[PDB]
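See structure below.
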Amino acid sequence: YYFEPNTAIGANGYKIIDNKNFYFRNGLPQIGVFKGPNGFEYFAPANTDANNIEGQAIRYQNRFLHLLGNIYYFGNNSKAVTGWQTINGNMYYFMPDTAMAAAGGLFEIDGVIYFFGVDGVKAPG
């Protein structure tokens, strides 16, 4: 995992405001799964956890997330997991660049072709 600090002043990229994390694009806060210093964080719709505001990064522990047609899973650290994962006995591969599940297609991972269902579960074989 790598993170490039948004050191430059202004409303852009990963920003800490009043001990809360936000992600800016076009000078405006965004909802989504974006890279922070210690992993992909969930910058979430308001009141997803403990009355957070729109775009505030939240606690989101050991849960799947469906967002804008993409599938994620968040560990106990509230950061999106990457790579091969087994959850409730099903295998998933979360593309490490976005943390999005491989889903609804054939994917070649480390030189091997697997099929992933639309729910992101790797077909056994």
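Given a cut-off of under 8 Å on Cα pairs at least six residues apart, what relative contact order in percent is computed for the chain?
Relative contact order, the chain: 13 percent.
Distances longer than 22 Å among the Cα atoms of the chain: what percent of all pairs is that?
38 percent
Taking the Cα centre of the chain as origin, work out the dipole magnitude from +1 charges on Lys and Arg Cβ and -1 charges on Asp and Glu Cβ, in debye rounded to 20.
Dipole magnitude for the chain comes out near 200 debye.
Based on the mean of other beta carbon atoms within 10 Å per residue, what is the order of 78-84, 65-71, most packed first?
78-84, 65-71
Among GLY69, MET91, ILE58, whose Cα lies farthest out toward the positive end of the dipole of the chain, if unit charges sit on the beta carbon of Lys, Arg (+1) and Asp, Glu (-1)?
So the residue furthest toward the plus end is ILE58.
Rg/Rh for the stretch 1-67: what does it come to with C-alpha atoms and Rh from Kirkwood?
Value, to two decimals: 0.95.
State, to one decimal in nm, how far the label point of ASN62 lies from the label point of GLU108, with both points 7 Å from Cα in the Cβ direction.
Output for this residue pair reads 3.8 nm.
By a straight-distance test (C-alpha under 18 Å), which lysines pair with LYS79 as possible cross-link partners, with residues fewer than eight away in the same chain excluded?
Here the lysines satisfying the reach criterion relative to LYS79 are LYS15, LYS20, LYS35.
Methodologically, a virtual Cβ is constructed for each residue, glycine included, from the backbone with ideal geometry; neighbour enumeration extends over all protein chains shown. Any read-out appearing in this document is the output of simple, stated calculations on the displayed coordinates, not a laboratory observation.
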